[PDB]
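**Student:** Pasting in a structure now, in structure tokens, and then I'll have a few things to ask.
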Amino acid sequence: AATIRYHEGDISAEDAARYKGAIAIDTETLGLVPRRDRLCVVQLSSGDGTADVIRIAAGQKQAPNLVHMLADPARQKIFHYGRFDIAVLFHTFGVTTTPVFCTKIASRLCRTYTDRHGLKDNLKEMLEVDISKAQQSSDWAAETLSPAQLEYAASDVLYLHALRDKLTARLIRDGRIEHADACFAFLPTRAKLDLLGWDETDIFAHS
Amino acid sequence: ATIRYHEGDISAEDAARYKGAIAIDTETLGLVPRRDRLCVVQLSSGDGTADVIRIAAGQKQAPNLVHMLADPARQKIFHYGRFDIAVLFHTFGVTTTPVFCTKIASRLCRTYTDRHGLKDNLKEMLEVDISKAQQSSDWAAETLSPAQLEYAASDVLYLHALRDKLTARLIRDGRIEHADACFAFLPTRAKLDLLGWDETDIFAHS
Amino acid sequence: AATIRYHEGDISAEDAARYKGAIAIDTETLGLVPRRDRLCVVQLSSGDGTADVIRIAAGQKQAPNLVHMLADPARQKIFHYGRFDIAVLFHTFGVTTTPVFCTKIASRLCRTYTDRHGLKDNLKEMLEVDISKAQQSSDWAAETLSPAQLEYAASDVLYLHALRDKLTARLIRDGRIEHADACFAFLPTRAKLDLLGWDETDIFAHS
Amino acid sequence: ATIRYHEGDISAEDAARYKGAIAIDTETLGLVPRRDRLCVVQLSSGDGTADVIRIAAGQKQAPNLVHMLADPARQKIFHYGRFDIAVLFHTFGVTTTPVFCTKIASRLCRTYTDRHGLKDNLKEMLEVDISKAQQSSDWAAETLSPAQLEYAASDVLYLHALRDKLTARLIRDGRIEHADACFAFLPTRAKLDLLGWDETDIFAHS
Amino acid sequence: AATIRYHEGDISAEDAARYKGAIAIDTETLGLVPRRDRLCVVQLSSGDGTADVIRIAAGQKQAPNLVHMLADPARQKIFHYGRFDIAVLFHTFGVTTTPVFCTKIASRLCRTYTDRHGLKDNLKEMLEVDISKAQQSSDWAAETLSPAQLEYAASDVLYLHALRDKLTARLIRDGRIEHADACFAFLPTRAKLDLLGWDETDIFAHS
Amino acid sequence: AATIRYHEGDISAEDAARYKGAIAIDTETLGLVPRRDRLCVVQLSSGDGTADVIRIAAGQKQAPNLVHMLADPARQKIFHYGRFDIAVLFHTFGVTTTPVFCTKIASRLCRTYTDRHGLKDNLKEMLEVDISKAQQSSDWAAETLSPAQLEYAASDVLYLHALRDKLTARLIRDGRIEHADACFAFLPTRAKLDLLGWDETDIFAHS
Amino acid sequence: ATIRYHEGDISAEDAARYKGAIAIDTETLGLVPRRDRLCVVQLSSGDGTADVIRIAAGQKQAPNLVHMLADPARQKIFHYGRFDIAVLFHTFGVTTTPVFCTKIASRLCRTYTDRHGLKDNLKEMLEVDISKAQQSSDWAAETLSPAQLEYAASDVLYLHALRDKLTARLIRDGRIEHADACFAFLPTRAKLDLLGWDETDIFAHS
Amino acid sequence: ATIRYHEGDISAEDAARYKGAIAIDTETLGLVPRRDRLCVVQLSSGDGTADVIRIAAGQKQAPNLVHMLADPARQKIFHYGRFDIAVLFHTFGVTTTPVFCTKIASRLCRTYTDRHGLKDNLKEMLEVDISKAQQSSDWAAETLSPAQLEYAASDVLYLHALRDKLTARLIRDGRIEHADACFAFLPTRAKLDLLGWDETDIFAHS
């Protein structure tokens with residue numbers, strides 16, 4: 001019945017069964033460099049106002065119930081800036097998350113009247129929802145996640161279905177849903193190119 | 001006879017020579033598609049001959065060429081297709097598909113150099129020499145010169161061979177799947193450029 | 001009698017008849033790239049403390065009463081940074097707005113003691129009028145403009161006659177009215193050069 | 001006899017040769033008008049001959065030249081008039097009008113190159129070769145050398161022909177009206193430079 | 001008896017006679033480019049807590065009582081960033097102000113523990129005096145200077161003797177008084193080089 | 001019994017005897033350029049909540065009790081950004097401080113989820129301790145240090161043992177203690193290379 | 001006979017030639033170790049001969065080479081060891097120690113020049129000429145060419161001599177102790193690069 | 001006989017040749033005075049001959065040279081004295097005064113060029129050719145080579161003549177008083193550099 005369902009290592013089968021459709025997802029790590037900074041938390045939400053928070057142990061390389069969800073082509077995974085998380089999940093578990101919807105790419109493609117494409121600003125404008133970023137820069141490898149860390153992790157996925165729905169309607173209205181879908185199809189490759197060593201260059205540029 | 005010249009569109013007879021992949025480049029009045037009109041489209045089937053099609057100011061149709069560009073059964077090979085795909089969509093409304101880009105391929109496998117232009121690729125990969133002297137000529141000239149026609153043909157005459165060599169390197173070095181995904185995105189990348197995202201990576205934060 | 005007169009598609013003939021002289025004008029769009037971001041609103045004021053707000057539909061390419069006002073050489077159009085709006089109006093309707101007075105160019109030419117040439121700062125110093133920029137970055141394509149969007153649109157044109165008058169007096173006092181008038185005569189060409197593809201370069205520079 | 005040399009001002013007799021447009025350039029002690037004085041003004045009527053006028057330190061009048069510069073009935077042709085118009089206004093108080101600038105014209109039509117200098121324009125458009133060797137000489141020298149006089153004349157001898165070729169390109173490519181509006185603004189752009197706006201586009205936000 | 005003695009055109013002989021020693025001085029203009037932006041106000045203080053504020057008219061090229069003070073080698077002129085004001089005064093009146101003490105140069109040479117060398121920060125640290133910069137960016141050519149403009153002009157010179165005295169003691173303590181004096185001797189040339197056309201380059205650099 | 005024990009010139013033998021293990025240490029100077037800006041204060045703490053504050057006189061080149069502590073290989077010296085202080089101490093006294101632990105290097109090596117590696121931010125996150133930076137940019141050469149300067153100097157060393165202990169545990173947890181120890185072994189050379197003339201280049205780069 | 005070629009690992013017999021310091025360089029597919037695989041390791045004992053070891057894709061062991069790299073009794077000499085030490089650790093898991101880097105040495109003593117590459121060092125310090133023509137070749141080629149083998153050997157043949165000359169300069173100019181401390185840190189600097197600190201000095205504020 | 005070589009200090013006999021202005025330059029181990037020691041001081045009286053003084057590591061005195069440098073009755077001529085004045089103060093504690101700097105003079109009068117180095121000044125102003133080949137040599141060498149001695153002498157042999165030509169231009173173009181004030185500040189500018197203000201103009205806001 002909990003708003004924040006906590007797991008160690010992997011999601012339970014009962015909680016994975018809550019996800020009959022799209023899966024909202026984010027991760028927390030020790031930093032922005034996957035080969036240096038380990039995966040610490042994976043958080044998920046089915047869009048019903050509750051979330052799963054999964055603590056990932058140091059050195060952990062399998063999470064079979066979660067990994068099946070990530071690879072399942074029948075269920076879309078929704079991220080805000082999936083470029084990073086898709087890379088972290090491939091680096092850690094060897095899974096290519098697919099198919100994906102990225103609300104940051106979607107924001108860039110339809111919220112053409114602003115330069116503010118972060119999650120907090122998207123949720124404020126599109127949903128009139130306030131989230132706090134205070135815990136983004138904390139030690140996510142802690143043995144005991146703090147109440148504030150659990151709040152942040154859950155709130156970071158609780159609103160992604162609703163945000164995707166609003167941005168999808170804007171993309172359809174403004175004629176860019178096809179462009180968005182092509183971006184989402186390339187996103188796992190973009191993440192893998194980062195891991196391989198092209199993380200600071202646009203492969204489509206001249207240089 | 002190795003450079004077949006056409007006004008406006010390739011003939012149906014010459015289009016029928018293209019039984020497989022189509023090497024393609026364009027020439028324009030500059031690097032800004034909405035400012036700098038398409039002036040030439042050049043094609044080769046990889047048999048050592050080329051078709052050079054001169055495009056008129058204001059021309060909006062080229063039915064035989066457009067059918068080739070849209071034909072999903074025949075790959076189109078470009079060097080830096082990001083630009084030409086945008087120009088072709090801007091001019092004719094056609095989305096060229098499917099594509100292979102030898103510049104993207106070069107960037108993904110020739111990791112030991114920063115020289116990814118066509119001339120350098122042709123020299124290293126094929127020992128073929130081309131001259132870039134006519135690159136900055138007036139492609140809207142009333143009469144294209146013999147030097148211009150030779151330059152335009154040379155930009156397409158070797159793309160099948162270059163594609164094959166770079167594909168072998170992509171296989172050897174493990175990046176053929178990444179290259180194919182880049183090629184699948186390339187028409188969208190070109191369309192995003194036309195809409196004013198030309199100086200930003202849509203996959204970056206900004 | 002309304003302070004904010006609302007129109008769909010075009011201004012009414014009765015309201016266009018209010019403009020016996022200069023026309024204060026601005027636009028709202030989906031962003032700063034005319035070939036990508038459609039025109040959404042045109043707002044006008046005759047300088048009497050009231051404004052016309054005209055919602056422009058997606059795909060709309062004619063607005064005959066408005067376009068006649070924009071092209072009428074007998075009535076000056078007053079913009080703050082007309083470089084953008086003149087381009088948007090030419091892109092959308094094919095009209096070359098003329099003649100124009102730009103209060104941003106005027107500010108740059110006479111308010112030589114400051115680097116703050118935006119509308120809010122000009123209105124504060126020159127008129128002791130406060131305006132809020134909160135709604136500048138909103139979805140101007142909304143089917144129902146919000147009360148805050150209507151306030152912003154109206155306030156954005158309500159003070160331009162008064163601002164033009166103050167800046168004109170400063171330009172005369174400080175000896176730069178001729179320079180300003182030459183800038184205003186070039187402004188439609190500058191806007192058209194942006195649309196053609198020179199939007200990021202000064203055509204008068206070496207490169 | 002093809003380079004007519006004058007001290008201070010052109011003679012009335014030689015000014016009367018100019019029945020139409022006046023090609024014009026200047027030489028100075030550098031690129032900062034309030035620091036670097038005007039040293040030479042060079043003119044050509046487009047007939048293959050030039051007038052070279054040497055300007056003295058502190059000279060504030062040149063009545064025959066100033067009458068030509070202000071005469072609204074005769075166009076003045078410059079390559080990058082933005083600079084010379086400023087120098088002439090700073091020195092003599094004259095606003096040169098009306099003007100044609102071949103550098104603005106080049107930027108508006110030679111969209112396929114970044115080379116908009118005079119030497120490159122003359123080579124592409126006219127197959128005329130000029131040498132820039134004396135560009136960085138001391139133009140305030142007590143005696144101008146034959147090389148300096150040849151350089152100064154060559155900067156004006158071809159501007160009518162270059163104007164005509166670039167005008168044809170502006171017609172072909174649809175930008176003659178934009179060019180004319182730029183020329184109408186150019187004297188104001190030059191005056192804004194003298195006032196300290198030389199490093200900013202007055203039409204930008206900043 | 002006034003704290004702020006106002007003058008039009010030139011200081012009176014009676015008020016110039018108050019200055020038996022160093023003269024604290026600043027100017028106000030229409031901006032930072034002397035050939036474009038006219039001199040509007042010259043303000044002076046003898047260090048006794050009162051100031052002279054002299055309005056300079058458009059086109060005015062003489063101010064004989066003031067100019068004698070500026071040129072008088074027997075009385076030091078104290079500026080905060082005299083590089084600018086010395087240039088403006090030479091451009092306007094043809095006078096080379098000498099000798100000078102610049103409290104900004106002095107601050108840079110002895111307040112080596114901070115990057116904040118403006119007047120407000122110097123007065124706060126060295127004298128525990130607060131001044132407001134609100135009126136720095138105002139129209140100084142106004143026919144009627146506002147009460148706030150008069151306050152700003154006076155406060156800008158009221159504390160310069162005291163600031164010079166504190167910074168002089170620091171320069172002596174820390175061994176850099178000779179360097180400071182050499183900088184002050186070069187300052188009029190530095191100002192003149194700005195007017196001539198070297199305003200954006202250090203003449204002592206390679207380029 | 002004092003929380004802040006004050007010394008002129010050198011620490012007393014009795015107070016040096018308090019340091020049976022690691023020595024927390026910082027300095028204050030007239031600025032960031034050792035050849036220009038003299039050493040003014042050395043502050044130490046044994047980690048018991050009290051500190052020694054030693055005023056260094058102008059021109060002073062010996063401090064034998066302090067220098068013995070700095071050179072003693074049996075006692076670690078703990079700095080936050082020791083690169084600077086190690087250089088200042090070598091420049092002033094000729095002593096090579098060794099061995100060292102730098103909490104800024106340690107922070108950069110383990111607090112990989114943040115870009116905020118200053119002392120104030122480290123103490124806030126790692127210890128929930130607040131310090132004020134108000135007095136960092138003050139005149140540290142004053143004959144009479146102010147109460148606020150004494151507070152700042154003491155608080156700057158009071159928490160370094162505790163910070164070192166927390167960061168050491170993080171470095172061990174995250175696998176980078178060996179990297180940190182190698183950085184600390186190079187740190188005196190890095191400081192000396194700064195003094196010699198390589199202060200603006202990484203000697204390990206290509207250029 | 002002066003270039004001994006090996007597949008995969010140096011032979012035990014040839015490793016036994018190395019009684020003292022070991023000059024070493026590598027060749028790769030580019031400058032990003034996790035992207036661009038190790039292709040060649042080249043060694044010299046300083047006797048005018050070299051061992052060139054070609055490394056296979058996916059190769060993770062080279063026992064004789066790794067024993068040399070880890071042997072604390074024999075110094076390894078590199079020019080810009082920061083890169084090669086990282087590549088060797090990434091590929092084989094070995095931490096090369098102890099090391100001398102002639103590029104660090106050059107930066108610490110050749111204070112009158114910005115030219116710290118190997119070719120310039122060899123020319124000034126030894127009057128030895130090497131050519132960099134094969135620097136940007138495909139080092140993963142199925143067969144390394146004679147030019148590639150000569151280039152690879154020349155990169156190690158002179159490092160003992162260069163080390164000796166630069167050591168003399170470090171003694172003369174007072175920086176040998178600083179150099180030795182840099183060499184002691186160099187393996188850590190290389191490991192920090194692999195972890196993503198490659199564009200930051202860990203000793204700076206940021 | 002035209003290059004008189006000295007160890008440590010000029011002889012009293014050769015110092016007595018200098019009855020007027022003293023042309024002077026130095027050579028060092030690089031551009032950072034506290035890192036890169038003074039190695040050579042070269043002087044000329046303007047008579048076509050030079051004194052070259054080799055400076056030892058750690059040398060802190062040179063009494064005859066220092067007396068010349070401090071002598072207020074004899075001007076010292078440098079090209080970019082900002083550097084050498086700092087090196088001489090750092091090494092010997094002497095404040096060289098009074099000075100003329102031909103690089104400052106060049107910047108104040110050769111307003112039509114960005115080429116203010118010595119070689120370019122000597123070529124334009126005197127038609128004298130010097131070669132910069134030894135600029136980046138090891139000036140702390142145990143034996144200075146004939147090429148080094150020729151380079152060092154050539155840096156001072158023409159400074160009187162260059163000073164005279166640039167002074168004439170400063171007179172012509174109205175900036176001799178500004179130049180003299182710059183020269184009066186130059187020793188302070190050099191001392192501020194040594195104190196860490198070397199990358200900032202003390203007269204700027206920051």
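Residues are referred to by chain and number: the chain letter is A, B, ... according to the order shown in the structure tokens, the number counts from 1 in that chain, and ligands are numbered separately from 1 in the order shown.
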Can you build me a table of chain D residues sitting at most 7 Å from chain H, with the closest atom pair per residue and its distance in Å to one decimal, using only C-alpha atoms, sorted by chain and residue number, as JSON lines?

**Tutor:**
{"residue": "D:29", "atom": "CA", "partner": "H:112", "partner_atom": "CA", "distance": 5.3}
{"residue": "D:30", "atom": "CA", "partner": "H:112", "partner_atom": "CA", "distance": 4.2}
{"residue": "D:136", "atom": "CA", "partner": "H:112", "partner_atom": "CA", "distance": 5.8}

**Student:** Convert the current residue selection to file output with N, CA and C atoms, as a short mmCIF file (atom, residue, chain, number, x, y, z; two decimals), in the first residue's frame.

**Tutor:**
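What landed in out-v7.cif:
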data_model
loop_
_atom_site.label_atom_id
_atom_site.label_comp_id
_atom_site.auth_asym_id
_atom_site.auth_seq_id
_atom_site.Cartn_x
_atom_site.Cartn_y
_atom_site.Cartn_z
N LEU D 29 47.16 56.04 -42.09
CA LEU D 29 48.20 55.49 -41.22
C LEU D 29 47.70 54.31 -40.39
N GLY D 30 46.49 53.81 -40.62
CA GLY D 30 46.00 52.66 -39.88
C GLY D 30 44.48 52.65 -39.84
N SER D 136 50.51 47.46 -46.27
CA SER D 136 51.04 47.83 -44.96
C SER D 136 52.29 48.71 -45.06
#

**Student:** Range 137-172 of chain C: which residues are helix (DSSP H, G or I) by DSSP, as a PyMOL selection string?

**Tutor:** chain C and resi 147-158+160-172

**Student:** Give one line per residue of chain F that approaches chain E to at most 10 Å, naming the two atoms of the closest pair and their distance in Å to one decimal, counting only C-alpha atoms; sort by chain then ascending residue number and deliver it as JSON lines.

**Tutor:**
{"residue": "F:28", "atom": "CA", "partner": "E:113", "partner_atom": "CA", "distance": 9.8}
{"residue": "F:29", "atom": "CA", "partner": "E:113", "partner_atom": "CA", "distance": 7.8}
{"residue": "F:30", "atom": "CA", "partner": "E:113", "partner_atom": "CA", "distance": 5.3}
{"residue": "F:31", "atom": "CA", "partner": "E:113", "partner_atom": "CA", "distance": 4.1}
{"residue": "F:32", "atom": "CA", "partner": "E:113", "partner_atom": "CA", "distance": 7.1}
{"residue": "F:33", "atom": "CA", "partner": "E:112", "partner_atom": "CA", "distance": 8.7}
{"residue": "F:36", "atom": "CA", "partner": "E:112", "partner_atom": "CA", "distance": 8.8}
{"residue": "F:37", "atom": "CA", "partner": "E:112", "partner_atom": "CA", "distance": 7.3}
{"residue": "F:38", "atom": "CA", "partner": "E:174", "partner_atom": "CA", "distance": 9.1}
{"residue": "F:58", "atom": "CA", "partner": "E:174", "partner_atom": "CA", "distance": 9.0}
{"residue": "F:136", "atom": "CA", "partner": "E:113", "partner_atom": "CA", "distance": 8.3}
{"residue": "F:137", "atom": "CA", "partner": "E:113", "partner_atom": "CA", "distance": 5.6}
{"residue": "F:138", "atom": "CA", "partner": "E:113", "partner_atom": "CA", "distance": 6.9}
{"residue": "F:139", "atom": "CA", "partner": "E:113", "partner_atom": "CA", "distance": 7.3}
{"residue": "F:140", "atom": "CA", "partner": "E:113", "partner_atom": "CA", "distance": 8.7}
{"residue": "F:141", "atom": "CA", "partner": "E:174", "partner_atom": "CA", "distance": 9.3}

**Student:** List as a PyMOL selection string the protein and nucleic acid residues near residue 38 in chain G, meaning an atom at most 9 Å away when only C-alpha atoms are counted, but skip any in the same chain fewer than 4 places from it.

**Tutor:** chain G and resi 26-30+33+54-57+59+87-88+91+139-140

**Student:** Quick check: residues of chain G within 10 Å of chain A, only C-alpha atoms, returned as a PyMOL selection string.

**Tutor:** chain G and resi 31-36+192+194-197

**Student:** Dump N, CA, C and O atoms for the selected residues as a CSV table (one decimal), in the first residue's frame?

**Tutor:**
chain,number,residue,atom,x,y,z
G,31,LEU,N,43.3,8.2,-29.6
G,31,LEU,CA,43.7,8.8,-28.4
G,31,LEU,C,42.7,8.5,-27.2
G,31,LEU,O,43.0,9.0,-26.1
G,32,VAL,N,41.7,7.7,-27.4
G,32,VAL,CA,40.7,7.4,-26.3
G,32,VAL,C,40.9,6.0,-25.9
G,32,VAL,O,40.4,5.1,-26.6
G,33,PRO,N,41.5,5.7,-24.8
G,33,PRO,CA,41.9,4.3,-24.5
G,33,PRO,C,40.7,3.3,-24.5
G,33,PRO,O,40.8,2.2,-24.9
G,34,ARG,N,39.5,3.7,-23.9
G,34,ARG,CA,38.4,2.7,-23.9
G,34,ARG,C,37.7,2.5,-25.2
G,34,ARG,O,37.0,1.6,-25.3
G,35,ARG,N,38.0,3.4,-26.2
G,35,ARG,CA,37.5,3.3,-27.5
G,35,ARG,C,38.4,2.7,-28.5
G,35,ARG,O,38.0,1.9,-29.4
G,36,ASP,N,39.7,3.0,-28.4
G,36,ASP,CA,40.7,2.8,-29.4
G,36,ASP,C,41.8,1.8,-28.9
G,36,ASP,O,42.6,2.1,-28.1
G,192,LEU,N,43.9,8.2,-13.3
G,192,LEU,CA,42.9,9.2,-13.1
G,192,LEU,C,42.3,9.6,-14.5
G,192,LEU,O,41.1,9.8,-14.6
G,194,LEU,N,41.8,7.6,-17.1
G,194,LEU,CA,40.9,6.5,-17.4
G,194,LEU,C,39.6,6.6,-16.7
G,194,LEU,O,38.6,6.2,-17.3
G,195,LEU,N,39.6,7.2,-15.6
G,195,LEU,CA,38.3,7.4,-14.8
G,195,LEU,C,37.5,8.6,-15.1
G,195,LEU,O,36.5,8.9,-14.5
G,196,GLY,N,38.0,9.4,-16.1
G,196,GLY,CA,37.2,10.5,-16.5
G,196,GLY,C,37.7,11.9,-16.0
G,196,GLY,O,37.1,12.9,-16.3
G,197,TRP,N,38.8,11.9,-15.3
G,197,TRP,CA,39.5,13.2,-15.0
G,197,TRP,C,40.5,13.6,-16.0
G,197,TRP,O,41.4,14.4,-15.7

**Student:** List the neighbours of residue 126 in chain B out to 12 Å using only C-alpha atoms; skip same-chain residues closer than 4 positions along the sequence, and give me the result as a short mmCIF file (atom, residue, chain, number, x, y, z; two decimals) with N, CA, C and O atoms, in the first residue's frame.

**Tutor:**
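Saved result, around_35.cif, follows:
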data_model
loop_
_atom_site.label_atom_id
_atom_site.label_comp_id
_atom_site.auth_asym_id
_atom_site.auth_seq_id
_atom_site.Cartn_x
_atom_site.Cartn_y
_atom_site.Cartn_z
N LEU B 118 36.19 14.16 -47.83
CA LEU B 118 36.16 13.16 -48.89
C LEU B 118 37.54 12.93 -49.50
O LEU B 118 37.96 11.78 -49.68
N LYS B 119 38.26 14.01 -49.82
CA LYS B 119 39.57 13.87 -50.45
C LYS B 119 40.50 13.01 -49.60
O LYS B 119 41.16 12.10 -50.10
N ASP B 120 40.54 13.27 -48.29
CA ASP B 120 41.44 12.50 -47.44
C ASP B 120 40.98 11.05 -47.31
O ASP B 120 41.80 10.13 -47.29
N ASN B 121 39.66 10.82 -47.24
CA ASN B 121 39.15 9.45 -47.20
C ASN B 121 39.52 8.69 -48.46
O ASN B 121 39.95 7.52 -48.41
N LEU B 122 39.32 9.31 -49.62
CA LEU B 122 39.60 8.62 -50.87
C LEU B 122 41.08 8.30 -51.00
O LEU B 122 41.45 7.22 -51.50
N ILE B 130 41.54 13.14 -55.69
CA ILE B 130 40.62 14.12 -56.25
C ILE B 130 41.11 15.51 -55.86
O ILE B 130 41.75 15.70 -54.82
N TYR B 158 33.33 7.57 -56.56
CA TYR B 158 34.07 6.66 -55.70
C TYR B 158 33.32 6.32 -54.42
O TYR B 158 33.89 5.66 -53.55
N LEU B 159 32.06 6.75 -54.29
CA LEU B 159 31.38 6.56 -53.01
C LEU B 159 30.99 5.11 -52.75
O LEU B 159 30.97 4.70 -51.59
N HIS B 160 30.66 4.33 -53.78
CA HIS B 160 30.41 2.91 -53.53
C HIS B 160 31.66 2.23 -52.99
O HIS B 160 31.60 1.50 -52.00
N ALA B 161 32.80 2.48 -53.64
CA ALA B 161 34.06 1.88 -53.20
C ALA B 161 34.43 2.34 -51.80
O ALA B 161 34.90 1.54 -50.98
N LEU B 162 34.23 3.63 -51.50
CA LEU B 162 34.55 4.14 -50.17
C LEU B 162 33.62 3.54 -49.13
O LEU B 162 34.07 3.14 -48.04
N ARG B 163 32.32 3.46 -49.44
CA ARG B 163 31.38 2.79 -48.55
C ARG B 163 31.85 1.37 -48.23
O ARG B 163 31.85 0.96 -47.07
N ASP B 164 32.29 0.63 -49.25
CA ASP B 164 32.69 -0.75 -49.03
C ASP B 164 33.92 -0.84 -48.12
O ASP B 164 33.95 -1.67 -47.21
N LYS B 165 34.92 0.02 -48.34
CA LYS B 165 36.11 0.01 -47.49
C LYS B 165 35.78 0.41 -46.06
O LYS B 165 36.26 -0.22 -45.10
N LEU B 166 35.00 1.47 -45.88
CA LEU B 166 34.64 1.90 -44.53
C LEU B 166 33.74 0.88 -43.84
O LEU B 166 33.86 0.68 -42.63
#

**Student:** If DSSP is run on the backbone, what residues of range 41-154 of chain G are strand (DSSP E or B)? A reply as a PDB file with N, CA and C atoms, in the first residue's frame would be ideal.

**Tutor:**
ATOM      1  N   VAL G  41      53.030  -2.711 -29.253  1.00  0.00           N
ATOM      2  CA  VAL G  41      53.929  -2.284 -28.188  1.00  0.00           C
ATOM      3  C   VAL G  41      55.341  -2.436 -28.729  1.00  0.00           C
ATOM      4  N   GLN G  42      56.151  -1.387 -28.604  1.00  0.00           N
ATOM      5  CA  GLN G  42      57.520  -1.419 -29.104  1.00  0.00           C
ATOM      6  C   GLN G  42      58.496  -1.112 -27.977  1.00  0.00           C
ATOM      7  N   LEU G  43      59.591  -1.877 -27.931  1.00  0.00           N
ATOM      8  CA  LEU G  43      60.564  -1.841 -26.852  1.00  0.00           C
ATOM      9  C   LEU G  43      61.966  -1.708 -27.430  1.00  0.00           C
ATOM     10  N   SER G  44      62.861  -1.076 -26.667  1.00  0.00           N
ATOM     11  CA  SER G  44      64.277  -1.123 -27.023  1.00  0.00           C
ATOM     12  C   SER G  44      65.120  -1.109 -25.760  1.00  0.00           C
ATOM     13  N   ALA G  50      65.280  -2.990 -31.700  1.00  0.00           N
ATOM     14  CA  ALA G  50      63.970  -2.853 -31.091  1.00  0.00           C
ATOM     15  C   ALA G  50      63.182  -4.142 -31.245  1.00  0.00           C
ATOM     16  N   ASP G  51      62.260  -4.358 -30.310  1.00  0.00           N
ATOM     17  CA  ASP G  51      61.244  -5.397 -30.417  1.00  0.00           C
ATOM     18  C   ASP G  51      59.903  -4.732 -30.680  1.00  0.00           C
ATOM     19  N   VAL G  52      59.210  -5.195 -31.712  1.00  0.00           N
ATOM     20  CA  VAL G  52      57.896  -4.682 -32.079  1.00  0.00           C
ATOM     21  C   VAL G  52      56.900  -5.821 -31.909  1.00  0.00           C
ATOM     22  N   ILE G  53      55.915  -5.627 -31.024  1.00  0.00           N
ATOM     23  CA  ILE G  53      54.956  -6.665 -30.644  1.00  0.00           C
ATOM     24  C   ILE G  53      53.586  -6.240 -31.143  1.00  0.00           C
ATOM     25  N   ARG G  54      52.996  -7.020 -32.039  1.00  0.00           N
ATOM     26  CA  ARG G  54      51.666  -6.696 -32.545  1.00  0.00           C
ATOM     27  C   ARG G  54      50.598  -7.330 -31.663  1.00  0.00           C
ATOM     28  N   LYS G  76      61.192   1.990 -16.951  1.00  0.00           N
ATOM     29  CA  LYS G  76      60.574   2.082 -18.268  1.00  0.00           C
ATOM     30  C   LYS G  76      60.614   3.536 -18.719  1.00  0.00           C
ATOM     31  N   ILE G  77      61.151   3.781 -19.915  1.00  0.00           N
ATOM     32  CA  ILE G  77      61.301   5.129 -20.468  1.00  0.00           C
ATOM     33  C   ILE G  77      60.246   5.324 -21.549  1.00  0.00           C
ATOM     34  N   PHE G  78      59.413   6.359 -21.396  1.00  0.00           N
ATOM     35  CA  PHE G  78      58.408   6.751 -22.374  1.00  0.00           C
ATOM     36  C   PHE G  78      58.621   8.209 -22.762  1.00  0.00           C
ATOM     37  N   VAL G  99      58.978   4.631 -13.843  1.00  0.00           N
ATOM     38  CA  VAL G  99      58.996   5.229 -15.173  1.00  0.00           C
ATOM     39  C   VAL G  99      59.839   6.497 -15.210  1.00  0.00           C
ATOM     40  N   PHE G 100      60.327   6.801 -16.408  1.00  0.00           N
ATOM     41  CA  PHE G 100      60.926   8.081 -16.756  1.00  0.00           C
ATOM     42  C   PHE G 100      60.186   8.557 -17.989  1.00  0.00           C
ATOM     43  N   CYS G 101      59.729   9.808 -17.979  1.00  0.00           N
ATOM     44  CA  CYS G 101      59.018  10.377 -19.119  1.00  0.00           C
ATOM     45  C   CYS G 101      59.857  11.499 -19.700  1.00  0.00           C
TER      46      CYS G 101
END
